[PDB]
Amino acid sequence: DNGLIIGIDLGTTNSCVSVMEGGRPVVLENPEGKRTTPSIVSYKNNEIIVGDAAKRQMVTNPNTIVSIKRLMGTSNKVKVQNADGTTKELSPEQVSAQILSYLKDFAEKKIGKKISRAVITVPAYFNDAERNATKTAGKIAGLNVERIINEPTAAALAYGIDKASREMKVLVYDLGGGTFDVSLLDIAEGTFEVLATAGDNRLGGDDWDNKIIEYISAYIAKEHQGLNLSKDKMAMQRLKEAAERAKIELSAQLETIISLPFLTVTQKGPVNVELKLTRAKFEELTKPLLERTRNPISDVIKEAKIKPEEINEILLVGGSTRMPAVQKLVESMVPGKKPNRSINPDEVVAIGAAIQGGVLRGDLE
């Protein structure tokens, strides 16, 4: 009853699990060797597949469920089809529980012990029904959910901001795969207060991917008309994979090559893609997405009735904050301050959850 409390970031796009070990948070690798796991679940009767293997069929398999977080707290159901043609209705709690179960299972094997306790994170804007859905998901997965904490709070814990000696105002800019959250926190006496939030729950790294897809589709259109490219699910799965890969490479390099031999066929033979995409062109194509992240910063400043100079620290959270242009935009909006991105931005929320778990378990060594 007083064992380890793991920390879980249950994201729209990806999930991550961490635990305290020897007085430091450790991020646990899944069985594919990855430190994050896609929040994606595929159903084949009783055989349920989670994570990377499910992401590889997200476009091609009608019984693969993505983006379930968006339904948490509602009584909407998702449907999957059994082998015998009957339909199975699933709650968001049930599908989320499969992601939580997968994390729990591989965590147990890595740690070498059974695990029955967790802290799970949620967006700051989640209401009681949304939080309760998340707790229920944990319960279905065999986890006593010791606390639900907010994602920006978790990130601040990871950076140790609660240990600050003076009162701190902290801006959290969190750009994930599906959603964009800006939060202004006040941390005083080791307690967190959310002063203001803003953002767009329909804006995230997927949109940047989708712009590259749009671009490739327009390239194809210069040489081919009437292809009906969307109806080719195989082609669409490949385009999504290629787009995300190209985007990621452009966070580190100034150019990337998109190569898609035999993408689809026309009456004159195969359609191929060989395109060099520079960072500058990628940034021009995605400028409207980037710019949409600016006003939410100013929104939180306005609502909290602060001046920009009152922001003591900025935290970059979410995988998309690896993009150079995003970093630059944030710098431009809080002049003088160097944002924090030293803790891997797609692990920082889970790390904070794990620190919260250690605190709840007690025992100072």
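The first residue of the sequence shown is number 1, and the count goes up from there.
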{"item": "Greater mean Cα temperature factor according to the PDB record, 106-114 or 128-136", "value": "106-114"}
{"item": "Higher-scoring stretch by recorded Cα B factor average, 41-49 or 62-70", "value": "41-49"}
{"item": "Identity of residue with top Cα B-factor, from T286, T179, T86, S96", "value": "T86"}
{"item": "Candidate set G190, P123, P92, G199 [ranked by C-alpha B-factor, highest]", "value": "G190"}
{"item": "Among modelled residues of the same chain, the CA temperature factor third for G22", "value": "highest"}
{"item": "Entry-reported Cα temperature factor of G226, expressed as the chain third it lands in", "value": "highest"}
{"item": "Relative C-alpha B-factor of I306, binned into the chain's lowest, middle or highest third", "value": "highest"}
{"item": "Chain thirds of CA B-factor: placement of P261", "value": "middle"}
{"item": "Among modelled residues of the same chain, the CA temperature factor third for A325", "value": "middle"}
